[PDB]
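Visitor: I need the structure of the sequence given here:
(3 chains, ligands or ions: 3)
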Amino acid sequence: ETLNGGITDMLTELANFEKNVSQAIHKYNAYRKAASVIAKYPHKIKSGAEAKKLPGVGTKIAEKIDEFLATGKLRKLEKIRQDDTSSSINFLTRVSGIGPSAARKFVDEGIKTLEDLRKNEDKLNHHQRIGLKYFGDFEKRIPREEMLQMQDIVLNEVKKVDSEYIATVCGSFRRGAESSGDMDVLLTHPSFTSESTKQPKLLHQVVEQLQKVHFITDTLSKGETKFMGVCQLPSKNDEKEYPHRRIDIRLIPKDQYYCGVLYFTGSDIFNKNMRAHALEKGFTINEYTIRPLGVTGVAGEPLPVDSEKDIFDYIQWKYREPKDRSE
DNA sequence: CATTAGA
DNA sequence: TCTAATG
Ligand SMILES: [Mn+2]
Ligand SMILES: [Mn+2]
Ligand SMILES: [Mn+2]
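Guide: Residues are numbered from 1 along each chain as shown, chains lettered A, B, ... in the order given. Ligands and ions are numbered 1, 2, ... in the order given. For reference, the structure is listed below:
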């Protein structure tokens, strides 16, 4: 957690690189497992040799560990850090729509900057086009303050369209968080579950609602169960307009809500931990359900859920307010 | 890890 | 169809 830090972070740097600037899936995969095992080890690594005893720790990485140990640095690391092309990739990459693939492609084409990308909006797609447009705003955080204002409106039309809806704005938001990166709306309806072969309109209806009113401003992607977009709070009585916000609404079979809800609400750790427990408690949890375990090794059969409580009751735990679902 | 775009 | 990008 800190005793083996530099080595971990170094490695991950090492790793993230092969994956992005290079196509080295494996090497990359390599650095990762190592970066992982080394992280687990209870002692201070004092030499490669030492590291080397480890699983996945080869001659290659160990060599790397020595240099870092020995001198507060690494050239390869230093060289990349400098590498304009490489740099370039990391950059283009913050463009929502922009992935390593495009990144490289763009690069090779000579498009290395924000401006470049502008100059050739043509060479970009709608997603990337939007991304382009709201680069600054997509990079900006979202004050809960807004989170509150946003939530409000959303719940408002949701309700207006059909009173039978159920929306929950999950994530860190839901978790108390002073700020968030985007808004996650979980969505369901009685008239939609496991078997009840859709009602795409279920989704449809709302986005359309949201739009009609000006909450939704763009479409990143709209599918029959997952919309992905951009929003903004009505820029008040002037002098102060609002930054463009990434928003995501999703349809869910009323029969799987709370799990999903539980789930997306995190924290990643909370979940893992709760989930770990459900194992002892003779259960199974995952993003959609909760199944009782059968000694044969495994088992099925989806226990009925109506609330975040059921799942809790199930595994006989303490109801954790989302506030304190931190871990 | 599943959904969406796109080509 | 596959391939990429988000989450
Ligand atoms: Mn070994
Ligand atoms: Mn990106
Ligand atoms: Mn998200």
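Visitor: For stretch A:184-199, list every residue counted as buried.
Guide: By neighbour count on 16 or more other Cβ atoms under 10 Å, the buried set for stretch A:184-199 is A:184-189, A:192. Where you see a C-beta, it was placed from the backbone N, CA and C, and this is true even at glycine.
Visitor: so how far is it from its chain's centroid?
Guide: Distance, stretch centre to chain centre, for stretch A:184-199: 22 Å (Cα atoms, centre = their mean, to the nearest Å).
Visitor: next one: stretch A:55-75
Guide: With Cα atoms, centre = their mean, you get 31 Å for stretch A:55-75.
Visitor: Can I get it in CSV, CA atoms only?
Guide: Output of stretch A:55-75 as CSV, limited to C-alpha atoms (Å, rounded to 0.1, in the frame of the first residue of the first chain):
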residue,chain,number,x,y,z
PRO,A,55,5.1,-15.2,-9.6
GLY,A,56,5.0,-13.4,-12.9
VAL,A,57,8.1,-11.8,-12.0
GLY,A,58,10.6,-12.3,-14.6
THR,A,59,14.0,-11.3,-15.5
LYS,A,60,12.6,-8.4,-17.5
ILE,A,61,10.7,-6.7,-14.6
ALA,A,62,13.1,-7.6,-12.0
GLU,A,63,15.8,-5.9,-14.1
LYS,A,64,13.5,-3.0,-14.1
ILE,A,65,13.0,-3.1,-10.3
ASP,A,66,16.7,-2.9,-9.7
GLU,A,67,17.2,0.2,-11.7
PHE,A,68,14.4,1.9,-9.9
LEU,A,69,15.6,0.8,-6.6
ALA,A,70,19.2,1.7,-7.3
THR,A,71,18.4,5.1,-8.9
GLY,A,72,15.2,7.1,-8.2
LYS,A,73,14.3,6.5,-11.8
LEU,A,74,14.0,4.6,-14.9
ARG,A,75,15.1,5.7,-18.3
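Visitor: got a list of contacts for that stretch?
Guide: A:6-7, A:10-11, A:14, A:30-31, A:33-34, A:36-38, A:45-49, A:51-52, A:76 (Cβ atoms under 8 Å, 6 or more residues apart in numbering).
Visitor: ok, the buried residues of stretch A:184-199 vs residue A:238, which is closest?
Guide: residue A:185 (28.4 Å; Cβ to Cβ).
Visitor: Can you tell me the SS state at that closest one?
Guide: strand (DSSP: H, G, I helix; E, B strand; the rest coil).
Visitor: show me the contacts for it.
Guide: A:154, A:167-170, A:247-250.
Visitor: repeat that for 10 Å
Guide: Residue A:185 is in contact with A:150-151, A:154-155, A:158, A:167-171, A:206, A:210, A:227, A:247-250, counting by Cβ atoms under 10 Å, 6 or more residues apart in numbering.
Visitor: ok, how many other residues are close to the nearest residue to it once chain neighbours are set aside?
Guide: Distances taken as Cβ to Cβ, 6 or more residues apart in numbering place residue A:249 nearest to residue A:185, at 4.5 Å, with adjacent residues excluded. Look at residue A:249: counted by other Cβ atoms under 10 Å, it has 24 neighbours.
Visitor: try residue A:244
Guide: Other residues close to residue A:244 by other Cβ under 10 Å number 20.
Visitor: so what's it up against?
Guide: Residue A:244 neighbours (Cβ under 10 Å, 6+ apart): A:130, A:133-138, A:140, A:217-218, A:229-232.
Visitor: Give me the buried positions along stretch A:229-237.
Guide: A:229-233.
Visitor: Tell me which residues are up against it.
Guide: A:96, A:130-131, A:133-134, A:137-138, A:146, A:149-150, A:152-154, A:182-183, A:207, A:210-211, A:213-222, A:241-249.
Visitor: at contact distance from DNA strand C, anything in the helix or strand that residue A:14 is a member of?
Guide: According to DSSP states H and E, residue A:14 maps onto helix A:5-20. No: Helix A:5-20 is not in contact with DNA strand C by Cβ under 7 Å from any atom of the strand; minimum separation 9.5 Å.
Visitor: Name the residues of that helix that are buried.
Guide: Buried residues in helix A:5-20 (16+ other Cβ under 10 Å): A:6-8, A:10-20.
Visitor: Repeat that for stretch A:298-317.
Guide: Buried-residue list, stretch A:298-317, by 16+ other Cβ under 10 Å: A:303, A:305, A:308, A:310-312, A:314-315.
Visitor: distance between the ends of it?
Guide: In stretch A:298-317, first residue to last residue: 22 Å (Cα to Cα, to the nearest Å).
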